[PDB]
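The structure appears below as structure tokens.
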Amino acid sequence: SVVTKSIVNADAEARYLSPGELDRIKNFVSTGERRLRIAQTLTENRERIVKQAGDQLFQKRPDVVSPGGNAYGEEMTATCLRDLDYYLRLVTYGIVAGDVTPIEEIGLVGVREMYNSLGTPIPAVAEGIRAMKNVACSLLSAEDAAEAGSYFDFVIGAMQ
Amino acid sequence: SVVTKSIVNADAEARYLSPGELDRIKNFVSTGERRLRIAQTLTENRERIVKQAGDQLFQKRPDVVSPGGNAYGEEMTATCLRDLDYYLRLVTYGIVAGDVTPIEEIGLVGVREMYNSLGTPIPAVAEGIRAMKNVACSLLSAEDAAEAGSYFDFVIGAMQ
Amino acid sequence: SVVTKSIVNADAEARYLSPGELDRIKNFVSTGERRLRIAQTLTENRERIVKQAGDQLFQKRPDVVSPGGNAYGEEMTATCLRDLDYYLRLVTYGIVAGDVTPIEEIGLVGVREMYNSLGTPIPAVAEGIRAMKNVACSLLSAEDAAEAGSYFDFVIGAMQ
Amino acid sequence: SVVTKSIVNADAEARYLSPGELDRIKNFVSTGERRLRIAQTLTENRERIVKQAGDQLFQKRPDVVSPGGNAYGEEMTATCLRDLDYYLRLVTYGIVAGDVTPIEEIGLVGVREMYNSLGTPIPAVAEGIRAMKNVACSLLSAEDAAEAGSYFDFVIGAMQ
Amino acid sequence: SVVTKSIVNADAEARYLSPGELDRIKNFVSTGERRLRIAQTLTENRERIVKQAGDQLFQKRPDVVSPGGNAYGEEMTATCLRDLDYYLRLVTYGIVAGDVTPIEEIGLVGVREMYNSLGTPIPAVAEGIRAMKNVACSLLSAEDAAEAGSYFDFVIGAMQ
Amino acid sequence: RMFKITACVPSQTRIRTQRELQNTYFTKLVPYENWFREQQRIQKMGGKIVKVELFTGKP
Amino acid sequence: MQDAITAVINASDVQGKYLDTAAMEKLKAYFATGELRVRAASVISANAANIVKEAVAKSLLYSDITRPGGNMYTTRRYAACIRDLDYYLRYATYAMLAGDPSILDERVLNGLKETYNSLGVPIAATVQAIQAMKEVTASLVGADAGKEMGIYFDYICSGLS
Amino acid sequence: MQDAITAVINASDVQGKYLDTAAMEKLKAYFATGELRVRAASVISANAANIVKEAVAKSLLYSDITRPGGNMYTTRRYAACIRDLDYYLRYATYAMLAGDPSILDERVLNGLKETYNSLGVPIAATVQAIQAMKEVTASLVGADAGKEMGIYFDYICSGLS
Amino acid sequence: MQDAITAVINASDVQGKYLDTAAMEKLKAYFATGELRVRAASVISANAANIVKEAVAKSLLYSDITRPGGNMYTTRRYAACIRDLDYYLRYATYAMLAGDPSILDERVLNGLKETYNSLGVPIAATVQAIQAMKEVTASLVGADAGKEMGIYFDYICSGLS
Amino acid sequence: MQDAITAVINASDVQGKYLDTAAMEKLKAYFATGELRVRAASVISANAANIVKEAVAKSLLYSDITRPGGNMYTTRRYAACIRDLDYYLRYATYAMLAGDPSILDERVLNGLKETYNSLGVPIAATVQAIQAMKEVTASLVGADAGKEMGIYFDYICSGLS
Amino acid sequence: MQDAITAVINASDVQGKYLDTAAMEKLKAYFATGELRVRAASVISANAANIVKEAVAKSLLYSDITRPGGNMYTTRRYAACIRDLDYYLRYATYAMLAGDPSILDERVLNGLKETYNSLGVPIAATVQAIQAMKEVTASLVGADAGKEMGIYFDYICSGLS
Amino acid sequence: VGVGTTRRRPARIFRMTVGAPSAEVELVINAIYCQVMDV
Ligand SMILES: CCC1=C(C)/C(=C/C2=NC(=C\c3[nH]c(/C=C4\NC(=O)[C@H](C)[C@H]4CC)c(C)c3CCC(=O)O)/C(CCC(=O)O)=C2C)NC1=O
Ligand SMILES: CCC1=C(C)/C(=C/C2=NC(=C\c3[nH]c(/C=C4\NC(=O)[C@H](C)[C@H]4CC)c(C)c3CCC(=O)O)/C(CCC(=O)O)=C2C)NC1=O
Ligand SMILES: CCC1=C(C)/C(=C/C2=NC(=C\c3[nH]c(/C=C4\NC(=O)[C@H](C)[C@H]4CC)c(C)c3CCC(=O)O)/C(CCC(=O)O)=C2C)NC1=O
Ligand SMILES: CCC1=C(C)/C(=C/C2=NC(=C\c3[nH]c(/C=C4\NC(=O)[C@H](C)[C@H]4CC)c(C)c3CCC(=O)O)/C(CCC(=O)O)=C2C)NC1=O
Ligand SMILES: CCC1=C(C)/C(=C/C2=NC(=C\c3[nH]c(/C=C4\NC(=O)[C@H](C)[C@H]4CC)c(C)c3CCC(=O)O)/C(CCC(=O)O)=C2C)NC1=O
Ligand SMILES: CCC1=C(C)/C(=C/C2=NC(=C\c3[nH]c(/C=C4\NC(=O)[C@H](C)[C@H]4CC)c(C)c3CCC(=O)O)/C(CCC(=O)O)=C2C)NC1=O
Ligand SMILES: CCC1=C(C)/C(=C/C2=NC(=C\c3[nH]c(/C=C4\NC(=O)[C@H](C)[C@H]4CC)c(C)c3CCC(=O)O)/C(CCC(=O)O)=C2C)NC1=O
Ligand SMILES: CCC1=C(C)/C(=C/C2=NC(=C\c3[nH]c(/C=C4\NC(=O)[C@H](C)[C@H]4CC)c(C)c3CCC(=O)O)/C(CCC(=O)O)=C2C)NC1=O
């Protein structure tokens with residue numbers, strides 16, 4: 001959580017939580033309801049969101065799904081969709097958290113090494129997350145899209 | 001500033017600003033006018049608050065106020081009040097900034113050494129800060145008093 | 001070089017090379033003529049090897065030469081051939097040295113960073129290196145191919 | 001072993017064995033039969049070489065054999081000769097291994113401290129090793145003597 | 001000086017000189033007159049003590065004086081005597097100063113390596129120093145001999 | 001007695017993501033005994049010794 | 001470390017399922033508690049030093065522990081005792097805001113009992129002092145805040161003993 | 001480091017006086033520009049790799065620097081060049097968020113010329129590359145963000161000296 | 001330090017005896033099979049990445065281990081898992097070149113079981129992954145060399161279990 | 001670093017002869033003066049804090065330097081200023097006890113003027129305050145001790161230079 | 001560092017060209033002289049201590065430098081004088097065997113002149129000692145080996161310059 | 001029984017590095033004391 005990140009900084013500083021840090025925690029408390037509503041919308045439209053994102057990503061880079069590609073074949077394409085779904089669930093967790101702390105520990109630490117080992121293309125994965133961001137903006141309110149887009153954007157940058 | 005602290009952490013991590021950290025800066029932008037209004041009120045009532053808090057501090061620590069204390073005589077008491085006024089101005093600057101780091105640079109560094117060099121009592125300085133907090137609560141709105149009280153509480157810890 | 005690596009160990013020890021280390025230097029001296037002969041063959045047939053290896057790499061990984069691949073178009077494909085030629089010449093320099101250290105200093109340190117930034121697939125570049133090794137095996141004697149294959153394989157591992 | 005020393009360096013560098021290191025191992029294995037033949041010849045003539053070298057060392061350093069020297073009396077001289085015999089066996093082991101590491105582990109680690117504790121003269125011990133080296137070079141075949149000379153020279157340097 | 005060494009420790013503590021340390025310095029001020037008188041006697045008898053110690057050292061190590069030794073020949077023996085006299089003068093300077101550390105800094109630091117370069121035996125040098133110590137004890141008063149013995153013991157430790 | 005020495009060492013082996021300019025070019029003070037090991041260590045790293053100076057008054 | 005929200009997120013990740021209604025209300029409970037938590041944290045920081053002083057006065061001051069040979073009968077020993085109590089208080093305030101005991105387990109209560117034992121400092125004396133600090137803290141923070149602060153401080157005391 | 005608010009605070013501290021109304025107006029202007037600056041920084045992070053790629057290609061692709069003996073003709077040098085360029089972009093981006101270039105000048109522009117002189121890198125060629133990156137960054141971010149980014153990049157160009 | 005030739009030398013040193021005929025024969029066998037071992041080791045290093053990829057595909061992937069809550073569910077755990085297999089292979093190939101199983105016990109198997117138990121890694125899953133690597137390595141190395149590699153791989157598995 | 005006796009010894013060592021009778025006489029006179037110097041030095045250490053406070057009151061109190069922007073008009077600046085004065089006093093006390101100001105010049109005065117000039121602290125103003133402190137310290141210590149204090153203050157004047 | 005082959009490779013890399021016949025001839029000269037150089041280097045290693053002793057005596061036998069005030073007139077000073085020459089000899093032997101002097105210049109010569117200037121030690125006196133070491137090493141190793149040792153010693157003399 | 005992400009995740013710590021002169025320099029100073037000496 002944002003509180004968790006502030007606590008880590010405070011523990012390093014060896015000082016009680018700063019007044020401004022507590023103020024941001026108060027803001028997180030205020031925005032808990034709005035963040036939960038946005039996360040509920042994403043979870044509700046989960047299947048359609050990542051389905052459209054998968055079509056967009058395969059259209060953008062057809063060699064991911066073509067013969068000789070990493071996800072060539074139905075089973076591997078489904079596995080690629082699962083990896084995207086893992087990322088989508090992490091983004092929903094992060095939107096609830098209000099901080100990048102949830103995602104960073106899951107899918108943003110060593111992810112490049114794991115993807116290189118399996119053989120999947122890191123740039124194509126990043127584009128898939130971008131396609132998800134566009135779909136989410138379509139399926140969410142304007143300011144809801146801004147916040148959700150921010151969390152999505154950190155995920156995309158991590159892939160880079 | 002709050003931006004300065006967040007950017008310092010991000011620079012140490014060598015990462016572009018996280019989505020949550022950027023949100024914290026955006027919150028600072030949203031509440032900047034309200035923070036400035038509170039700071040303007042503090043500056044407007046600065047003289048009256050100084051007088052009232054000085055009376056309360058003298059009541060709390062009569063020995064320092066009396067001859068044979070650090071504030072022995074009108075001149076010594078005036079110098080003590082001038083130092084307290086500098087503290088109050090620094091508190092106003094910190095409240096406007098939203099981060100206590102500027103106030104810490106102004107007064108917290110080597111505060112024990114300065115008080116020991118003067119010979120004056122640090123606990124009495126802290127009591128004066130508490131009197132200022134009560135006056136500020138009287139002269140501020142409830143939401144404003146809480147934030148001002150938090151900055152003043154950091155000042156109390158600095159006095160200790 | 002073998003002498004260079006021995007010099008590094010000797011520099012830390014501040015001690016003369018042991019009899020085994022001197023024996024390693026003597027072995028390199030004994031096989032210097034063999035290294036020069038292998039380099040003569042490789043340099044003489046270098047251009048033909050480059051063109052043959054390009055054909056093999058394009059067959060194995062047609063995505064690179066496909067539309068949307070890095071080497072799409074004559075100019076990009078020529079750049080791919082030039083990059084492969086730089087790698088092959090570096091391999092020749094390393095073979096003459098007798099150690100992979102000269103090749104590692106010239107390139108393959110940060111090669112992942114550079115090629116990934118350029119946008120060409122690291123696995124496809126590695127496949128091209130493998131094709132070059134196969135062509136060298138065809139065009140060289142088995143004993144020379146053993147050493148040349150070893151240095152090639154070091155390049156392949158660094159690419160991985 | 002020489003391969004063992006190379007493996008130690010590779011493990012410290014956290015890299016698989018270098019192609020040059022593998023070539024060193026191949027050369028050592030190819031020359032291993034001759035190395036052990038030379039070592040067996042040294043072991044076969046060890047006793048006679050020891051006697052001749054001991055006489056030469058006593059001639060070069062009569063004072064050590066005489067009263068007022070470390071090897072004062074027959075018993076002290078015998079203990080001196082026994083230490084020399086152990087060193088000779090260690091030298092044979094090092095020559096067989098192809099690396100000075102076995103000899104270094106057996107002796108020359110803290111050997112200066114041992115000599116200082118006993119009072120025996122390090123320069124005289126070094127001269128005795130040199131006399132043994134000269135006799136052994138004469139005793140062995142030219143190719144074997146060349147390798148034996150290098151190992152003995154390392155021992156002489158450790159003595160000095 | 002001893003006071004200087006105490007001052008160095010006090011500077012490392014970054015505090016004024018310890019009460020007991022200052023008392024010790026005052027005792028040294030009183031002891032300076034006795035140190036000066038004893039040192040004057042030692043300087044007066046320095047040449048005679050050097051000659052007697054040299055004769056005793058020659059008796060102890062006839063082989064060193066004889067051919068095949070470090071002092072073999074008049075020139076080598078004269079250089080040996082000059083080194084002994086220089087060490088004796090340094091010992092007198094250290095005793096006068098009252099600080100063993102000044103003597104150690106001036107000489108006897110790496111003295112074993114210096115003796116190794118000269119080729120002379122450290123034990124034989126030590127025996128010569130011991131003979132000088134006995135002569136100095138006889139020449140000086142009993143109180144002076146006690147301090148001279150301590151300085152000689154430090155020299156003996158340096159020799160060993 | 002100590003020496004003020006400034007040397008610059010290129011970080012060729014590790015292309016460090018974290019800010020390393022301060023390590024790349026630095027000015028430090030080392031004790032006279034420390035200077036032997038430090039100069040050898042900087043030479044082992046391969047960094048060029050920009051300057052050697054003596055803070056102590058007497059050589 | 002962990003938070004209430006972070007711990008629910010961890011549990012959901014273990015399950016492998018997107019936010020459930022149960023997840024929503026657990027998170028919402030933390031969201032509701034946030035106001036109480038932050039107000040109490042400000043009070044705790046303001047009166048932190050006074051809290052330590054009150055606790056030791058109520059429990060260990062003017063006792064044999066303070067008297068010679070009582071593990072607190074030196075200027076250094078007394079300062080160390082106050083320091084360790086402040087360490088526990090600060091980490092406990094952190095943990096109260098966080099809502100989870102992971103912070104206390106990870107930092108506050110790691111090897112502390114064994115180190116205290118080998119030193120010879122009384123675990124029971126520390127536990128009594130911690131309970132006294134809990135009473136003082138609950139009074140200062142308020143009834144609702146005192147209940148939560150009690151839970152976190154209870155974890156520290158129980159782990160120590 | 002320093003920020004815009006910190007710079008106003010430093011001026012007020014040097015004066016020894018409470019903040020003036022005109023100084024407060026300057027702070028209000030910073031608060032007004034903060035929203036656009038923050039969104040621009042988020043955009044910069046998302047497209048950072050694309051910005052680096054385009055700028056590098058415009059600056060030195062198919063050039064003598066890439067060609068043998070051009071000082072960017074080693075793989076290590078190529079990677080190091082990208083690393084230095086990315087560091088320049090990132091530090092300047094943080095300074096753009098602050099609104100004050102003092103942090104960038106102190107953190108990145110201290111001793112950079114001497115280090116580059118020892119390295120042998122062409123500072124002028126790097127400055128041309130940085131200007132090209134400024135053009136690309138302005139294009140991606142927009143006009144309002146480009147103007148501030150251009151000012152920060154101009155400060156970087158001054159530091160190139 | 002222990003190697004095959006070095007261990008023969010060390011045993012002889014403990015005896016103090018000059019080289020025996022049996023010691024010469026054992027050392028000769030090491031000299032004799034060094035050629036096959038060396039060639040296979042080079043092949044292993046060249047195809048090291050493919051081997052660990054094949055091993056996780058054959059044993060550790062597409063199962064509950066990599067599905068949620070399986071100690072590989074997160075990217076950090078996955079990266080550590082492939083790294084652990086890579087280290088296992090690297091020190092195993094070191095030891096295979098050396099010819100002596102003692103080296104792996106010195107480094108790979110010193111406290112490894114205790115560390116894995118503490119962290120919660122499945123010992124059995126690691127053993128089966130090692131066996132899967134053994135099959136892949138045998139395929140690439142060939143039967144004669146793979147049999148030698150298999151013995152030292154199996155020693156690593158025995159240490160784990 | 002060099003003591004007074006050590007300096008005489010160093011001269012004799014360079015000469016290659018035993019210490020001269022005149023040098024011995026100088027050492028004896030140094031011991032005789034050192035007894036009185038040591039007693040006064042103990043007095044100086046006891047009242048060191050009071051001496052520092054008196055000098056600060058003489059110059060720094062109610063001064064433009066104390067006024068904002070005066071290079072001592074900060075909490076950190078004030079702590080540093082008092083600390084620098086105290087450090088100078090301690091080093092001078094060591095120099096007076098030794099009888100040689102070489103140590104103070106070697107460390108305290110080694111580039112201190114250059115560093116202060118770079119900092120912008122007024123070296124001459126600090127020297128004037130130090131001279132006032134030296135006068136007061138000399139009066140308290142005594143005439144003979146004031147002579148030693150004068151030598152230390154002369155070294156301080158050189159440090160101002 | 002560099003070697004003969006490595007230096008040829010560096011020149012070829014700057015050129016960007018394939019291996020040249022003239023470069024092959026230069027490398028062949030290095031290979032042809034390598035065997036004799038290796039045998040000679042082994043001899044230099046065996047008699048390294050004796051060579052250092054002989055050179056030290058030649059330059060400094062009852063020398064004024066050894067006499068008090070001569071800058072080598074201490075136990076520490078004499079040991080340091082021996083140590084520097086020994087290190088120079090070892091590095092020079094490695095450089096002579098390698099056939100390239102750049103490594104010797106970088107490791108030893110870089111900063112040595114500045115350190116010697118700060119110490120005040122006589123570079124010319126050290127150069128005379130180095131020449132004596134070159135003569136003794138040439139005598140022991142042989143004329144052909146002395147030519148290579150002479151080249152390394154000439155580089156050392158240039159470093160003294 | 002599924003292990004959460006906190007399965008030896010948090011052992012790492014914040015890294016303190018020197019920089020331009022500021023009050024944070026004493027925070028770096030505090031860290032040096034805090035680690036080299038066991039406060
Ligand atoms: C062996 C070293 C050592 C010392 C010295 C020590 C002192 C010490 N002094 C105490 C109290 C105290 N100390 C003072 C001290 C003073 N009040 C004044 O007005 C004066 C200026 C001054 C003394 C001259 C006071 C007032 C208390 C009682 C505090 C209270 O409970 O209100 C206490 C707490 C009560 C207790 O003993 O339980 C301790 C432990 N403890 C130690 O282990
Ligand atoms: C994981 C966090 C953490 C803990 C828990 C910790 C405890 C800790 N307490 C210690 C000692 C100590 N702790 C106390 C504390 C007490 N004295 C009393 O009367 C009370 C019963 C009690 C607490 C109120 C004392 C007296 C010492 C020994 C001080 C000494 O004599 O040197 C020491 C030994 C080093 C020292 O002297 O400070 C440690 C490491 N350190 C840590 O990093
Ligand atoms: C001496 C060591 C060294 C190397 C190797 C090196 C590589 C290198 N590769 C480049 C580009 C490139 N590299 C490739 C590579 C490939 N595309 C593919 O499809 C294939 C899989 C693959 C080669 C077989 C391509 C396509 C470009 C051009 C990118 C572009 O222009 O958009 C460039 C930039 C353009 C230029 O050369 O100016 C460099 C510098 N630089 C060096 O200093
Ligand atoms: C605070 C941020 C920061 C900066 C700016 C910085 C600069 C910097 N650039 C470096 C290297 C380098 N920088 C370049 C750069 C270039 N070569 C070219 O042809 C181009 C014109 C240019 C890039 C635009 C090269 C080639 C090196 C490697 C030099 C070497 O060691 O061989 C190094 C040496 C250490 C290393 O390898 O990283 C530093 C310290 N360091 C920092 O911490
Ligand atoms: C919590 C972090 C985390 C993630 C995300 C994760 C994903 C993940 N993706 C996998 C496979 C895969 N991932 C891809 C990925 C792609 N192929 C494409 O064409 C696209 C460009 C792209 C995705 C959009 C493919 C093709 C495979 C199957 C590989 C194969 O079997 O050939 C595998 C290995 C097979 C398995 O599930 O056992 C894992 C573990 N694991 C994790 O611990
Ligand atoms: C910007 C940060 C900053 C501060 C705050 C500061 C304070 C400061 N306080 C001073 C003295 C003083 N401070 C006090 C303080 C007090 N005496 C009491 O009885 C009370 C309990 C208390 C205040 C309410 C007194 C009495 C003096 C005069 C000392 C004396 O002459 O006896 C002085 C020396 C006189 C002078 O101003 O020249 C300074 C500089 N300096 C700074 O740079
Ligand atoms: C001020 C401190 C200091 C000392 C002590 C010192 C000693 C010193 N002793 C030397 C030689 C020597 N030292 C000895 C010593 C001895 N041989 C024996 O048989 C005896 C057991 C023993 C003396 C009691 C001999 C024989 C030489 C001459 C060796 C030679 O150079 O051939 C030399 C080399 C020749 C020269 O003076 O240039 C030095 C420098 N140097 C110093 O700077
Ligand atoms: C890479 C190899 C290397 C070199 C070359 C080097 C130079 C070097 N020589 C030094 C000292 C020294 N070097 C000498 C050398 C001499 N005095 C003489 O009279 C002779 C003419 C001459 C020898 C031939 C002396 C006397 C010192 C000590 C200086 C002193 O404190 O007086 C020191 C000071 C630290 C120390 O005590 O070692 C360095 C760093 N450091 C190195 O790591």
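Labels for the structure tokens follow display order: chains A, B, ..., residues from 1 in each chain, ligands from 1.
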
Just asking: which residues within range 28-100 of chain G are alpha helix (DSSP H) according to DSSP, as an MDAnalysis selection string? chainID G and resid 28:46 48:59 75:98

Residue neighbourhood residue 102 in chain C, 8 Å, only C-alpha atoms, exclusion window fewer than 3 positions, as a ChimeraX atom specification: /C:1,93-94,97,99,105-106 /K:6

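When chain I serves as the reference and chain K is fitted to it on all C-alpha atoms, the deviation left is 0.8 Å RMSD.
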
Residues of chain H within 10 Å of chain A, counting only C-alpha atoms, as number ranges by chain: H: 39, 42-50

Shell of 8 Å around ligand 2 (only C-alpha atoms and all ligand atoms), written as a PyMOL selection string: (chain G and resi 60+65-66+70-73+76-85+87-88+107-113+115-116+119+121-126+129) or (chain L and resi 38-39)

May I have the residues from that selection written out with C-alpha atoms, as a CSV table (one decimal), in the first residue's frame?
chain,number,residue,atom,x,y,z
G,60,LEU,CA,10.1,-0.1,36.9
G,65,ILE,CA,15.7,-2.7,39.1
G,66,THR,CA,16.6,0.9,39.3
G,70,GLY,CA,19.1,-4.4,38.9
G,71,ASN,CA,20.1,-4.3,35.2
G,72,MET,CA,19.0,-0.7,35.1
G,73,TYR,CA,21.2,0.7,37.8
G,76,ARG,CA,24.3,3.7,30.4
G,77,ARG,CA,21.9,0.8,31.4
G,78,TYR,CA,19.1,3.2,32.1
G,79,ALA,CA,19.6,4.9,28.7
G,80,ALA,CA,19.6,1.6,27.0
G,81,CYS,CA,16.4,0.5,28.7
G,82,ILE,CA,14.7,3.7,27.6
G,83,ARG,CA,16.1,3.2,24.1
G,84,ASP,CA,14.7,-0.3,23.7
G,85,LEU,CA,11.3,0.8,25.0
G,87,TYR,CA,12.3,1.2,19.7
G,88,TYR,CA,9.3,-1.1,20.6
G,107,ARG,CA,12.1,-6.2,12.7
G,108,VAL,CA,11.0,-5.8,16.3
G,109,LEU,CA,10.7,-9.4,17.4
G,110,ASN,CA,13.6,-11.0,15.5
G,111,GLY,CA,16.1,-12.7,17.9
G,112,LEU,CA,15.2,-10.1,20.6
G,113,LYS,CA,14.3,-12.7,23.3
G,115,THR,CA,19.7,-11.5,22.9
G,116,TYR,CA,17.8,-10.3,26.1
G,119,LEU,CA,22.5,-10.3,28.3
G,121,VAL,CA,17.9,-8.4,31.0
G,122,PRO,CA,14.6,-9.7,32.5
G,123,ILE,CA,12.0,-10.7,29.9
G,124,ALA,CA,9.3,-10.4,32.5
G,125,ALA,CA,10.4,-6.9,33.5
G,126,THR,CA,10.2,-5.9,29.8
G,129,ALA,CA,6.9,-2.3,31.2
L,38,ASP,CA,25.8,-1.4,15.9
L,39,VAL,CA,23.5,1.3,17.2

When the cut-off is 9 Å and we count only C-alpha atoms, which residues of chain G are near chain I, given as number ranges by chain? G: 13-16

As an MDAnalysis selection string, please: the residues near residue 103 in chain J (cut-off 7 Å, only C-alpha atoms, same-chain neighbours under 4 positions excluded). chainID J and resid 1:2 95 107

If you count only C-alpha atoms, which residues fall within 9 Å of residue 69 in chain E, apart from same-chain ones fewer than 6 positions away, as a count of residues only? 4
